[PDB]
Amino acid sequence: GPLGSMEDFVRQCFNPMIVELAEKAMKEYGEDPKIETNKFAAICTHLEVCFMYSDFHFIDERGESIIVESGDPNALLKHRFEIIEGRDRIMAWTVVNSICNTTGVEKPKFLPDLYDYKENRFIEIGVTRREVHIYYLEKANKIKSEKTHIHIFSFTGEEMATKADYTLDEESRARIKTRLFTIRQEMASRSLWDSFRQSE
């Protein structure tokens, strides 16, 4: 069919909060969302994954990790994950430093994406249009002996995580994989997927 705009796709597919945080991040790093449109889409996707990973996961009044999908958590429930991504660098490092003071976890060399209050570890989220093992190994060769746990998602449903430790249940991860599949198929419908896949 016709070739669409990636700009139009991003503004229709992602919630306005995600699009706004992505625009803010690209301005911070000197990237124009109007030009680097495939990168804008990749930033929105990765943000959405980070939010989806955290969504519905709480620590309850007994210190137990649970799942509440109702939308209406009582105010004794703590989010299981701190979301680091989506914050300007100052606030992102302020949150990191605050977690490290609270938990005694080592301060990470590189800004991570999430912190898991159950597993007591930072998380690096990856989303790739390439083979997941290739992107896992690129992240691994960057993080080295840093204690940040790596979790990679592809658009084809493959995953790879540090030491085969996937953190979340299968249904939580399937929600993320279903969303990535939806994004890929809607990109393909608008003849965007080929440029997007090859720009990685």
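The first residue of the sequence shown is number 1, and the count goes up from there.
J.: Which wins on mean Cα temperature factor, 72-80 or 108-116?
T.: Taking the mean C-alpha B-factor of 72-80 and of 108-116, the larger value falls to 72-80.
J.: On mean Cα temperature factor in this entry, is 41-49 or 130-138 the higher one?
T.: The recorded data point to 130-138.
J.: Per the coordinate record, which of the options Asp165, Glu146, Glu159, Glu31 holds the highest CA temperature factor?
T.: Highest CA B-factor of the listed options: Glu31.
J.: Per the entry's values, where does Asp169 land by CA temperature factor relative to the rest of its chain, in the lowest, middle or highest third?
T.: Lowest third of the chain for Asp169's C-alpha B-factor.
J.: Using the temperature factors of the C-alpha atoms in this entry, rank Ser54 within its chain: lowest, middle or highest third.
T.: Within its chain, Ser54 is a lowest-third residue by C-alpha B-factor, going by the deposited values.
J.: Could you say whether, by C-alpha temperature factor, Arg175 belongs to the lowest, middle or highest third of its chain?
T.: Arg175: CA B-factor falls in the middle third of its chain.
J.: Tell me, lowest, middle or highest third: where does the Cα B factor of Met26 rank within its chain?
T.: Middle third - that is where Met26 ends up once the chain's C-alpha B-factors are sorted.
J.: Select lowest, middle or highest to describe the third in which the CA B-factor of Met17 falls within its chain in this entry.
T.: Highest third, going by the recorded CA B-factors of the chain.
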